[PDB]
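You are given structure tokens for the same protein chain in two forms, set apart as structure 1 and structure 2.
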Structure 1
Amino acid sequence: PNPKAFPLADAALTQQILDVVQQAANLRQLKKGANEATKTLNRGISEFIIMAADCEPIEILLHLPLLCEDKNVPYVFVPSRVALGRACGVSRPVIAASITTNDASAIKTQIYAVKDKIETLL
């Protein structure tokens, strides 16, 4: 894992996150791609940004943590772009994805738990 891919989830929190991602795909509460993710942030509709630690060169993602801090949106890195893209429901790598808001789903409540876990990593 690239040391700039911080905070970084373990394999267990990773599976949890990817499960939430796959729920979001099914609910159509998911945007894939770094620029697609940026756009959700600037609209104020992201609930969670997930990035891949094995994105090379990782520099192309590094504006995203800063944007998320500006917008008060949680983010995390998972170790593998291949696994992230599987979770997103596509057969290609995904280096960043964004869960978007929906007031009638359980996603926000799961993200709240995930945030607590990420904060325990810190």
Structure 2
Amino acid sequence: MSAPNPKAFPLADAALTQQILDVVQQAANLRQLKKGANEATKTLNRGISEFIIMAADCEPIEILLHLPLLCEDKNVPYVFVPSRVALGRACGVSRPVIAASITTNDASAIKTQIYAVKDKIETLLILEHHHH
């Protein structure tokens, strides 16, 4: 266990973290999720990312620092959760995950839950701090 990197902003609080992890889990089961920094980057480049989740304890943190920049340029919501171990479990994997992307599906059974998370993230972004 490690504390969130100072560059890991915005950081979802405990409540938002659980909300995010639960949606990530449902997205994993519905195969509406991409895992890893590279796969996440590609969803952004393709415009198929509803939102990006990153681990604040990613080490080294540099491997994912391009994501906040990319999301800001693409107007895509992004947030950091405190644990890569927890995000890994939510992704339905026995390994830590440092980045994940919930992909687009307007007919998704969990569309409303994804939209709810997006709105929460967007509100956080409005409250200061940008990577640019």
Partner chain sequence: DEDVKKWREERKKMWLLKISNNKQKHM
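All residue numbers here refer to structure 1's sequence, counted from 1. Rigid core: the largest C-alpha set superposing within 1.5 Å between the two forms. Residues that one form lacks are left out of the comparison.
- Legend: structure 1 corresponds to the form solved in complex with its partner chain, while structure 2 does not.
- Once the cores line up, the CA of residue 14 ends up less than 2 angstroms apart between structure 1 and structure 2.
- With the core superposed, residue 104 shows a C-alpha displacement below 2 Å between structure 1 and structure 2.
- Once the two forms are overlaid on the core, residue 63 shows a Cα shift of 0.6 Å between structure 1 and structure 2.
- When the rigid core is fitted, residue 117 shows a C-alpha shift of 2.9 Å between structure 1 and structure 2.
- 106 to 122 is the only run of at least 3 consecutive shared residues whose C-alphas each shift by 2 Å or more between structure 1 and structure 2 once the core is superposed.
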